[PDB]
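Visitor: take a look and give me a structure for this.
(chains A, B and C)
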Amino acid sequence: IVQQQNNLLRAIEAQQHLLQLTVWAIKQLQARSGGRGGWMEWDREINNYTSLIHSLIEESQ
Amino acid sequence: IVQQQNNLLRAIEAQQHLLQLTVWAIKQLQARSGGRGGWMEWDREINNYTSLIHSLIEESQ
Amino acid sequence: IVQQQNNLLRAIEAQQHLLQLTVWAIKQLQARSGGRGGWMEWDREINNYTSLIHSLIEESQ
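Guide: Numbers count the residues shown, from 1 in each chain, chains lettered A, B, ... in the order given. Below is the structure in question.
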């Protein structure tokens, strides 16, 4: 069970890396059309959910 | 162990929020070029996988 | 506990499917502007993190 939870955690940490890579790409795509001022709130939500996850990951470890 | 599974669940729920935010952004980006008729199947898969996850999250709780 | 870890795993597997769908869409969006030569490294990271996750998923099962 313990080892199993360890694996699940690593899976989640790796997926978070994937998530951040897609976020970075999306921003690049957005930046193409012009300024990202209209994505301020979107950015705020992404940042906030990312913080929650970092907290949870740190807590799980 | 119990508390640990609780954390893993919250991590997964937060990541799902991130996932849906990237999906929403992607759709906005697509909508820029024009109609999203060509993404009907893509949308169907996204919706279906999202349902599975909602079911699993509800079940885990 | 055991059944709970099983659910968490399925949740993670479903989210990975979602992740790969967003990656595929992002690539399509990128391909619109032209060649994706500038995304070689981005692609390498996505592929590498996806491999880690596949390994972890296989190991968890």
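Visitor: by contact count, what packs against the longest helix along chain A?
Guide: Secondary structure of chain A read by DSSP state H shows that its longest helix is helix A:2-33. The helices and strands touching helix A:2-33, judged by 3 or more C-beta pairs under 8 Å, 6 or more residues apart in numbering or on different chains; DSSP states H and E, are helix A:40-60, helix B:2-33, helix C:2-33, helix C:40-60. For the C-beta atoms, the positions are set from N, CA and C on the backbone; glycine is no exception.
Visitor: check which residues of the first one are buried.
Guide: I take that to be helix A:40-60. Judged by neighbour count (16 or more other C-beta atoms under 10 Å in any protein chain shown), helix A:40-60 contains these buried residues: A:42, A:46, A:49, A:50, A:52, A:53, A:56, A:57, A:60.
Visitor: quick one, what contacts the third one?
Guide: Put plainly, it is residue A:49. With contacts taken as C-beta atoms under 8 Å, 6 or more residues apart in numbering or on different chains, residue A:49 has the following neighbours: B:14, B:15, B:17, B:18, B:21.
Visitor: what's the answer for the second one, then?
Guide: Applying C-beta under 8 Å, 6+ apart, we find residue A:46 in contact with A:23, B:18, B:21.
Visitor: a markdown table for these, including neighbour count?
Guide: Supplementary listing: the contacts of residue A:46 in a markdown table, determined by neighbours: other C-beta atoms under 10 Å in any protein chain shown:
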| residue | neighbour count |
| --- | --- |
| A:23 | 20 |
| B:18 | 24 |
| B:21 | 18 |
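Visitor: what is the burial count for residue A:31?
Guide: By other C-beta atoms under 10 Å in any protein chain shown, 11 other residues sit near residue A:31.
Visitor: quick check: closest non-adjacent residue to residue A:61.
Guide: residue A:9 (7.2 Å; C-beta to C-beta, 6 or more residues apart in numbering or on different chains).
Visitor: quick check: the one you found vs residue B:47, distance?
Guide: With distances defined as C-beta to C-beta, to the nearest Å, the gap from residue A:9 to residue B:47 amounts to 28 Å.
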